[PDB]
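Visitor: Pasting a structure here, questions to come.
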Amino acid sequence: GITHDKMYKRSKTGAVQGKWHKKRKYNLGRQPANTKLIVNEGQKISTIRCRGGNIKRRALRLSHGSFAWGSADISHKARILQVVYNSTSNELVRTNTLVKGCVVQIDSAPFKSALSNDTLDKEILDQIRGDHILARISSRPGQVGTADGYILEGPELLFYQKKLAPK
Amino acid sequence: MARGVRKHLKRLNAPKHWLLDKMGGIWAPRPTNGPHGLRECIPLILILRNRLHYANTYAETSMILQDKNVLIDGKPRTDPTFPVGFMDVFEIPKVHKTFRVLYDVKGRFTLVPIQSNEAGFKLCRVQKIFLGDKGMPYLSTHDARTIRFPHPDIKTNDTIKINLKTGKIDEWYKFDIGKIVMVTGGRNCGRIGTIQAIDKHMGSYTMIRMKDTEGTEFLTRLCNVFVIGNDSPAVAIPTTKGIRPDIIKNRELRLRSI
Amino acid sequence: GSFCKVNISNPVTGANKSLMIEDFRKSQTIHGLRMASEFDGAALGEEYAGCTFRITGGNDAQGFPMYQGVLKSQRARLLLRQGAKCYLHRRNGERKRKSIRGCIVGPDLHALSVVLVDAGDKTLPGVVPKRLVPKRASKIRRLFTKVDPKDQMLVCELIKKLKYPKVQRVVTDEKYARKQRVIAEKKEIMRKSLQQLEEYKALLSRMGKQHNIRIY
RNA sequence: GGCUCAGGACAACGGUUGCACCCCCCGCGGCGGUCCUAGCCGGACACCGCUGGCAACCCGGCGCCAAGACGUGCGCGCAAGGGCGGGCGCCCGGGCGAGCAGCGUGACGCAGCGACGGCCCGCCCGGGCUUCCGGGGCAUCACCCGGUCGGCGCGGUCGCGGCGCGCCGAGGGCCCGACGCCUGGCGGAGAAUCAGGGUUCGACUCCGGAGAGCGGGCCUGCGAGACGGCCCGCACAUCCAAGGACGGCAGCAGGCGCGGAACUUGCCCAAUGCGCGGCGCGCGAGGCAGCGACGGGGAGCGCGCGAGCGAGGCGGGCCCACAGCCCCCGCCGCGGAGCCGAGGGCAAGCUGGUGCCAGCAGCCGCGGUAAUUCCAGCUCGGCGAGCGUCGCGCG
Ligand SMILES: [Mg+2]
Ligand SMILES: [Mg+2]
Ligand SMILES: [Mg+2]
Ligand SMILES: [Mg+2]
Ligand SMILES: [Mg+2]
Ligand SMILES: [Mg+2]
Ligand SMILES: [Mg+2]
Ligand SMILES: [Mg+2]
């Protein structure tokens, strides 16, 4: 089936190497999970029997995740609203597909329920008084079956704000 | 490429220092995994059948072992392919024979008979220190044994004395210049000498220079240098004291024995 | 040929009987019925009138059994997994493709398996005997929880040599003692490890340590 | 384990590194704390009984019963993953050459073990990839490559990686022979030949690789893209009571075809080992026997003026899993040499025929009336249980 063996490629000179054996099971790959944001329907996670009896779980649908505000040391479980930016391609954004590095909007309730009363960074607080907070994804859905991340801070926040503001 | 692990062993592909006849058969015993590896071990049946001669076939050895007639480090072993290695204790109470497995100068395994006072322990080489679960310090040895909570004063390549009945450390010998050692690998297996120099190369092997009692000097890598005491051996050693004669003297000895 | 051997089985008394049918027109009402479907016995009025029957299985004229959810009047092939019906496996992951008759009933059948669920008051040629006795402790205790004695009966059945099934799930001295010894061993092991940790920590007063602090 | 060498020419393979980018059954040694009826839990199937279909292969329905089988699960917080936690030019413990491991703490999630206690860690064998060097011929193949070269990001993988996808840039190789084509191309340890330097070969005993009619796909499992495992297409082949069913000797014997060329459809696990297992079973692996002028080694067809010894036969031992064979002991006692040549190279010559005919002759040459060379007899020479002819390699 799908394989990642290098025998089917060309050489550094651009030559055809040739083939000397049939396909092997060590060098196989699998179809992508394509984890979807929920926005019969519910959280669905599958399990994969990998080499050595090891277990791998890929998420197909999920709606929640753990997010951390590093500067203030605040962490809660929050609901993810939608994906708003992705560097690889805009098609993933349109489909609300979750991958590592996606930029998402989370609900503000778990944070505002305790914030807006202590001196901290102005920008995060302005986000808090609203409905959503900009954030990022740091885990790998499709390998561990989870979608965690962290709240954006300084220069990267400015970068992404300037990116998505005109839209 | 074989689809799995290997279970057989051709006789011609067996280690040389086992001394197996070419015409004995197509096959040789395949040792099972255990305290020692394939190339640093010798199966029990070879000792029990081709040396001591208490058995003449595989079957007799099987009966003897399954009747519990040999103890290895205080534990009865019923496997004819169990691996025996260096500085192991071989006791047969039915005949009051006790042997310690060591190396001869020629580079082969030999049985040195011992006493009762020194058969309650063995020497082990520590070559790995690591943190296990929960950050608990650990320590491993050449015979595939691990000990938890070792003394901080014990470092790598040191030598450790452990009681056979209880795997508890008593005293330890450091790896240092001026300590008697015994070579356990390569061209110089079975030689005994004292460390004179230590030279390290970043990212490569560390070479140890040793001098024999007679003034001969030889070199070997640190991976097969075993400490056996502080200037004097801690255990009984073969009749010869780790002296390898030259071909001329060996020929003279052969002619004398002829 | 043109016929169908109907086999009737009685689960309440464990009696089974078979009969012969040489017609289809009388049995047209049997056509179009699926497995696990009530089938009034009026088709065979004499001796089987006023009785409700359920269709359980059958075999077509070539011998192919009938599968469940096929929903067809004709046999077909499918890949059968291990542990499914009408397939005896050889290895532990082997599959096999074979032909099976469709669940829907039709003239093509040569056999029928049916059961009696509700009947009238009339007697029919078609009590349940028992060939074996319950073996687990719970079963026999039910038929002559938290039962301290754990004793039991032994009258059983005799055939001369007396033969009775051995009782299972019974705890006496050996099992109780074994469990208690195992518990004591585990407690001793935990205590020894804790003591070793404590003395190691007491040592190293002149150095640093890192271990997983026990929470709770 | 056993068979074979089709395919594959910066590959496989050989030596030398590495994983601080990895996985691993048995075995050995440790470790063993589990959030929210425990005198012992629940329901089934197999074998089996009754009733049945079909030519065969194959199975159906009903029914009581077991588990070191399946499910649930008694318990001192514990799987994967995720955020935060070092410096001020550099260097001078858990551990390294190397900031690598572990731990704490804020949030998520309740994975595995537990109705006779094993989740986890280390070692070991094995595997996967990877650095450096070596790794066929043709220039009547001189320019080649376009995921081809690199970068960023995600995905997938046991895992690194153009391995795959999106975007960006343009690159990479070449007379120190690229690219293409051919091979009656598996590689090495090694074999033949013989002053020294070398030439040719390397199916086959050990190691490594690849395959099981061709081409693909997959389940089980630590481990197979396995074929004495399953699914499909193609090419073949088989049984059918014509609706259906079924197969893969490059495993051991045996058969057809092909070819210049190649053996018994034998007996046994007693030995060496492997699998399971306590006083053992099985194994066409392997061993024993049979055919066998591939070939290698050792004796002999006489010595002597009479004695002696072989082969061979009839019996007894030894050996053997059973039997042969060798060897030993007794009574009778089958003594058999061919293949080449006799002008030179090259050691070895006498009559009768034929008449440039028939024929010899590796080369030179003979034969048209003595033929020292043809065909025959005598004699002689070489090697010898072996001799000669054909093809190939070395010399
Ligand atoms: Mg609980
Ligand atoms: Mg259970
Ligand atoms: Mg070929
Ligand atoms: Mg091979
Ligand atoms: Mg294969
Ligand atoms: Mg296959
Ligand atoms: Mg076959
Ligand atoms: Mg096979």
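Chains: A, B, ... in order of the structure tokens. Residues: from 1 per chain. Ligands: from 1, in order shown.
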Identify every residue of chain D that has at least one atom within 7 Å of any atom of chain A, counting only C-alpha atoms (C1' of nucleotides), and report the result as a PyMOL selection string.

Guide: chain D and resi 7-8+23+81-84+106-108+145+148+153-158+163+166+172-173+210+222+225

Visitor: Check which residues fall inside 9 Å of ligand 5 when counting only C-alpha atoms (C1' of nucleotides) and all ligand atoms, and print them as a PDB file with C-alpha atoms (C1' of nucleotides), in the first residue's frame.

Guide:
ATOM      1  CA  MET B   1      16.267 -11.111   5.069  1.00  0.00           C
ATOM      2  CA  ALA B   2      14.854 -13.482   7.652  1.00  0.00           C
ATOM      3  CA  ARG B   3      11.390 -12.524   8.852  1.00  0.00           C
TER       4      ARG B   3
ATOM      5  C1'   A D 210      16.054 -12.020  -3.234  1.00  0.00           C
ATOM      6  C1'   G D 211      11.851 -15.264  -4.795  1.00  0.00           C
ATOM      7  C1'   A D 212       8.046 -19.184  -4.376  1.00  0.00           C
ATOM      8  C1'   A D 224       5.203 -11.978   7.746  1.00  0.00           C
ATOM      9  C1'   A D 226       4.089 -15.075   4.596  1.00  0.00           C
ATOM     10  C1'   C D 227       2.380 -18.160  -0.060  1.00  0.00           C
TER      11        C D 227
END

Visitor: Can I get the residues close to ligand 1 as a PyMOL selection string, where close means within 7 Å and we count only C-alpha atoms (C1' of nucleotides) and all ligand atoms?

Guide: chain D and resi 35-36+75

Visitor: Need to verify the contact set: residue 29 (chain C), 10 Å, only C-alpha atoms (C1' of nucleotides), exclusion of same-chain residues closer than 5 positions in sequence. Can you return it as a ChimeraX atom specification?

Guide: /C:24,39-40,42-43

Visitor: For those residues, write N, CA and C atoms to a file as a PDB file, in the first residue's frame.

Guide:
ATOM      1  N   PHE C  24     -46.358 -26.269  -3.169  1.00  0.00           N
ATOM      2  CA  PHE C  24     -46.037 -24.871  -2.909  1.00  0.00           C
ATOM      3  C   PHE C  24     -47.273 -23.998  -2.789  1.00  0.00           C
ATOM      4  N   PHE C  39     -45.099 -17.059  11.870  1.00  0.00           N
ATOM      5  CA  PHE C  39     -45.708 -17.775  10.757  1.00  0.00           C
ATOM      6  C   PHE C  39     -46.849 -18.627  11.295  1.00  0.00           C
ATOM      7  N   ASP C  40     -48.081 -18.189  11.052  1.00  0.00           N
ATOM      8  CA  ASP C  40     -49.244 -18.922  11.531  1.00  0.00           C
ATOM      9  C   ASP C  40     -49.278 -20.320  10.929  1.00  0.00           C
ATOM     10  N   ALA C  42     -51.712 -22.100  10.144  1.00  0.00           N
ATOM     11  CA  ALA C  42     -52.899 -22.398   9.355  1.00  0.00           C
ATOM     12  C   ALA C  42     -52.558 -23.032   8.018  1.00  0.00           C
ATOM     13  N   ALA C  43     -51.328 -22.849   7.535  1.00  0.00           N
ATOM     14  CA  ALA C  43     -50.936 -23.447   6.267  1.00  0.00           C
ATOM     15  C   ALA C  43     -51.179 -24.951   6.284  1.00  0.00           C
TER      16      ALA C  43
END

Visitor: Please identify all residues of chain D having at least one atom at most 10 Å from any atom of chain B, considering only C-alpha atoms (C1' of nucleotides), and return them as a ChimeraX atom specification.

Guide: /D:1,24-31,94-98,101-103,120-127,206-210,222-224,226,271-274,278-279,286

Visitor: Residues of chain D within 12 Å of chain C, counting only C-alpha atoms (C1' of nucleotides), what are they? List them as a PDB file with C-alpha atoms (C1' of nucleotides), in the first residue's frame.

Guide:
ATOM      1  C1'   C D  31      10.445  -3.337  40.554  1.00  0.00           C
ATOM      2  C1'   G D  32       5.718  -4.149  42.295  1.00  0.00           C
ATOM      3  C1'   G D  33       1.485   2.134  46.397  1.00  0.00           C
ATOM      4  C1'   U D  34      -4.059   3.012  41.113  1.00  0.00           C
ATOM      5  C1'   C D  35      -8.871   9.124  42.050  1.00  0.00           C
ATOM      6  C1'   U D  37     -20.797 -10.592  46.267  1.00  0.00           C
ATOM      7  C1'   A D  38     -14.161  -9.962  47.444  1.00  0.00           C
ATOM      8  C1'   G D  39     -15.491 -17.433  51.812  1.00  0.00           C
ATOM      9  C1'   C D  40     -15.127 -15.969  45.181  1.00  0.00           C
ATOM     10  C1'   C D  41     -19.493 -12.151  40.009  1.00  0.00           C
ATOM     11  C1'   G D  42     -22.353 -12.578  34.915  1.00  0.00           C
ATOM     12  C1'   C D  45     -19.755 -21.223  22.367  1.00  0.00           C
ATOM     13  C1'   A D  46     -16.994 -25.911  21.249  1.00  0.00           C
ATOM     14  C1'   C D  48     -22.041 -34.095  22.570  1.00  0.00           C
ATOM     15  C1'   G D  49     -28.010 -35.585  21.991  1.00  0.00           C
ATOM     16  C1'   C D  50     -32.547 -34.905  18.543  1.00  0.00           C
ATOM     17  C1'   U D  51     -34.029 -33.309  13.921  1.00  0.00           C
ATOM     18  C1'   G D  52     -31.879 -32.048   8.467  1.00  0.00           C
ATOM     19  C1'   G D  53     -30.122 -30.226   3.621  1.00  0.00           C
ATOM     20  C1'   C D  54     -26.011 -31.489  -0.838  1.00  0.00           C
ATOM     21  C1'   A D  55     -22.991 -35.597  -6.216  1.00  0.00           C
ATOM     22  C1'   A D  56     -18.904 -33.699  -3.840  1.00  0.00           C
ATOM     23  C1'   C D  57     -16.636 -29.604  -0.943  1.00  0.00           C
ATOM     24  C1'   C D  58     -19.504 -27.824   2.814  1.00  0.00           C
ATOM     25  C1'   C D  59     -22.710 -26.575   6.696  1.00  0.00           C
ATOM     26  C1'   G D  60     -28.099 -25.344   9.238  1.00  0.00           C
ATOM     27  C1'   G D  61     -31.867 -25.318  13.727  1.00  0.00           C
ATOM     28  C1'   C D  62     -33.180 -26.687  19.034  1.00  0.00           C
ATOM     29  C1'   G D  63     -31.084 -28.186  23.520  1.00  0.00           C
ATOM     30  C1'   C D  64     -28.518 -28.870  29.510  1.00  0.00           C
ATOM     31  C1'   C D  65     -22.620 -27.891  30.598  1.00  0.00           C
ATOM     32  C1'   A D  66     -16.182 -25.967  32.083  1.00  0.00           C
ATOM     33  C1'   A D  67     -12.212 -22.648  32.122  1.00  0.00           C
ATOM     34  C1'   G D  75      -7.579  -1.122  45.314  1.00  0.00           C
ATOM     35  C1'   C D  76      -2.397   3.822  49.452  1.00  0.00           C
ATOM     36  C1'   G D  77      -3.084   8.604  42.225  1.00  0.00           C
ATOM     37  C1'   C D  78      -1.391   7.233  38.142  1.00  0.00           C
ATOM     38  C1'   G D  93      26.857  15.901  39.339  1.00  0.00           C
ATOM     39  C1'   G D  94      22.560  10.816  37.272  1.00  0.00           C
ATOM     40  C1'   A D 101      18.098  12.882  31.502  1.00  0.00           C
ATOM     41  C1'   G D 102      15.158  13.361  35.801  1.00  0.00           C
ATOM     42  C1'   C D 103      12.131  16.580  39.051  1.00  0.00           C
ATOM     43  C1'   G D 104       8.731  20.495  40.638  1.00  0.00           C
ATOM     44  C1'   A D 115     -12.385 -13.625  40.794  1.00  0.00           C
ATOM     45  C1'   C D 116      -5.417 -18.306  41.961  1.00  0.00           C
ATOM     46  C1'   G D 117      -1.146 -10.161  40.463  1.00  0.00           C
ATOM     47  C1'   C D 218      -4.442  -8.057   3.399  1.00  0.00           C
ATOM     48  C1'   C D 219      -5.632 -10.586   8.462  1.00  0.00           C
ATOM     49  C1'   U D 220      -3.406 -12.812  12.731  1.00  0.00           C
ATOM     50  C1'   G D 221       0.501 -11.813  15.510  1.00  0.00           C
ATOM     51  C1'   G D 229      -1.757 -18.440   5.156  1.00  0.00           C
ATOM     52  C1'   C D 230      -6.394 -15.653   2.770  1.00  0.00           C
ATOM     53  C1'   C D 231      -8.676 -11.967  -1.664  1.00  0.00           C
ATOM     54  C1'   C D 232      -8.583 -10.295  -7.082  1.00  0.00           C
ATOM     55  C1'   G D 243     -26.483 -26.322 -10.393  1.00  0.00           C
ATOM     56  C1'   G D 244     -21.288 -25.935  -8.278  1.00  0.00           C
ATOM     57  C1'   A D 245     -16.300 -26.987  -6.126  1.00  0.00           C
TER      58        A D 245
END

Visitor: Quick one: which chain D residues come within 10 Å of ligand 2, and what is the nearest atom pair for each with the distance in Å to one decimal, counting only C-alpha atoms (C1' of nucleotides) and all ligand atoms, rows ordered by chain and ascending number, as a tab-separated table?

Guide:
residue	atom	partner	partner_atom_place_in_ligand_line	distance
D:68	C1'	ligand 2	1 (Mg)	9.1
D:69	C1'	ligand 2	1 (Mg)	8.8
D:70	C1'	ligand 2	1 (Mg)	7.8
D:71	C1'	ligand 2	1 (Mg)	8.1
D:72	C1'	ligand 2	1 (Mg)	9.2
D:73	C1'	ligand 2	1 (Mg)	9.3
D:114	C1'	ligand 2	1 (Mg)	9.0
D:115	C1'	ligand 2	1 (Mg)	7.2

Visitor: Since we have the selection now, will you write its residues out, keeping N, CA, C and O atoms (P, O5', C5', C4', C3', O3' and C1' of nucleotides), as a PDB file, in the first residue's frame?

Guide:
ATOM      1  P     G D  68      -9.304 -22.208  35.639  1.00  0.00           P
ATOM      2  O5'   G D  68      -8.205 -21.194  35.086  1.00  0.00           O
ATOM      3  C5'   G D  68      -8.449 -19.791  35.039  1.00  0.00           C
ATOM      4  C4'   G D  68      -7.398 -19.073  34.230  1.00  0.00           C
ATOM      5  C3'   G D  68      -7.407 -19.381  32.733  1.00  0.00           C
ATOM      6  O3'   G D  68      -6.999 -18.226  32.001  1.00  0.00           O
ATOM      7  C1'   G D  68      -5.329 -20.002  33.643  1.00  0.00           C
ATOM      8  P     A D  69      -8.064 -17.081  31.635  1.00  0.00           P
ATOM      9  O5'   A D  69      -8.868 -17.685  30.402  1.00  0.00           O
ATOM     10  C5'   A D  69      -8.196 -18.038  29.205  1.00  0.00           C
ATOM     11  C4'   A D  69      -9.129 -18.043  28.022  1.00  0.00           C
ATOM     12  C3'   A D  69      -9.943 -16.776  27.811  1.00  0.00           C
ATOM     13  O3'   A D  69      -9.220 -15.756  27.144  1.00  0.00           O
ATOM     14  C1'   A D  69     -11.361 -18.662  27.652  1.00  0.00           C
ATOM     15  P     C D  70      -9.239 -14.243  27.693  1.00  0.00           P
ATOM     16  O5'   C D  70     -10.739 -13.754  27.456  1.00  0.00           O
ATOM     17  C5'   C D  70     -11.224 -13.494  26.146  1.00  0.00           C
ATOM     18  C4'   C D  70     -12.653 -13.010  26.153  1.00  0.00           C
ATOM     19  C3'   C D  70     -12.964 -11.820  27.048  1.00  0.00           C
ATOM     20  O3'   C D  70     -12.594 -10.580  26.474  1.00  0.00           O
ATOM     21  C1'   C D  70     -14.618 -13.484  27.340  1.00  0.00           C
ATOM     22  P     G D  71     -12.197  -9.341  27.418  1.00  0.00           P
ATOM     23  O5'   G D  71     -13.569  -8.926  28.110  1.00  0.00           O
ATOM     24  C5'   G D  71     -14.664  -8.449  27.344  1.00  0.00           C
ATOM     25  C4'   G D  71     -15.880  -8.241  28.207  1.00  0.00           C
ATOM     26  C3'   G D  71     -15.672  -7.399  29.455  1.00  0.00           C
ATOM     27  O3'   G D  71     -15.734  -6.008  29.192  1.00  0.00           O
ATOM     28  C1'   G D  71     -16.860  -9.368  30.013  1.00  0.00           C
ATOM     29  P     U D  72     -14.987  -4.965  30.158  1.00  0.00           P
ATOM     30  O5'   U D  72     -15.766  -5.087  31.542  1.00  0.00           O
ATOM     31  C5'   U D  72     -17.019  -4.449  31.733  1.00  0.00           C
ATOM     32  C4'   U D  72     -17.587  -4.739  33.097  1.00  0.00           C
ATOM     33  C3'   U D  72     -16.750  -4.282  34.281  1.00  0.00           C
ATOM     34  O3'   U D  72     -16.941  -2.914  34.597  1.00  0.00           O
ATOM     35  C1'   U D  72     -17.467  -6.513  34.620  1.00  0.00           C
ATOM     36  P     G D  73     -15.688  -1.978  34.966  1.00  0.00           P
ATOM     37  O5'   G D  73     -15.228  -2.492  36.401  1.00  0.00           O
ATOM     38  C5'   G D  73     -16.138  -2.529  37.489  1.00  0.00           C
ATOM     39  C4'   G D  73     -15.711  -3.529  38.530  1.00  0.00           C
ATOM     40  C3'   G D  73     -14.399  -3.232  39.237  1.00  0.00           C
ATOM     41  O3'   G D  73     -14.543  -2.307  40.300  1.00  0.00           O
ATOM     42  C1'   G D  73     -14.428  -5.487  38.528  1.00  0.00           C
ATOM     43  P     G D 114      -4.680  -8.669  34.796  1.00  0.00           P
ATOM     44  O5'   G D 114      -5.252  -8.473  36.269  1.00  0.00           O
ATOM     45  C5'   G D 114      -4.509  -8.896  37.401  1.00  0.00           C
ATOM     46  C4'   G D 114      -5.210  -8.548  38.688  1.00  0.00           C
ATOM     47  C3'   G D 114      -6.659  -8.993  38.806  1.00  0.00           C
ATOM     48  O3'   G D 114      -6.809 -10.362  39.133  1.00  0.00           O
ATOM     49  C1'   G D 114      -6.473  -6.750  39.501  1.00  0.00           C
ATOM     50  P     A D 115      -7.624 -11.334  38.147  1.00  0.00           P
ATOM     51  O5'   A D 115      -8.302 -12.396  39.119  1.00  0.00           O
ATOM     52  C5'   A D 115      -9.461 -12.062  39.873  1.00  0.00           C
ATOM     53  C4'   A D 115     -10.085 -13.276  40.511  1.00  0.00           C
ATOM     54  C3'   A D 115     -10.529 -14.372  39.543  1.00  0.00           C
ATOM     55  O3'   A D 115     -10.326 -15.656  40.129  1.00  0.00           O
ATOM     56  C1'   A D 115     -12.385 -13.625  40.794  1.00  0.00           C
TER      57        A D 115
END

Visitor: DSSP on the backbone, alpha helix (DSSP H) only: what residues of region 62-161 of chain B does that give? Format it as a PDB file with C-alpha atoms, in the first residue's frame.

Guide:
ATOM      1  CA  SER B  62      18.882 -33.226  30.083  1.00  0.00           C
ATOM      2  CA  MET B  63      18.069 -35.810  32.758  1.00  0.00           C
ATOM      3  CA  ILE B  64      20.898 -34.616  34.999  1.00  0.00           C
ATOM      4  CA  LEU B  65      19.763 -31.001  34.766  1.00  0.00           C
ATOM      5  CA  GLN B  66      16.046 -31.703  35.218  1.00  0.00           C
TER       6      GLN B  66
END

Visitor: Hey, what does DSSP flag as strand (DSSP E or B) within region 5-139 of chain A? Can you give it to me as a PyMOL selection string?

Guide: chain A and resi 10+16+28+36-37+44-49+55-62+64-69+74-85+97+103-107+132-137

Visitor: Extract, using only C-alpha atoms (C1' of nucleotides), all DNA, RNA and protein residues at most 10 Å from region 337-347 of chain D, discarding same-chain residues fewer than 3 positions from it, and format them as a VMD selection string.

Guide: chain D and resid 301 363 to 366 372 to 373 380 to 388
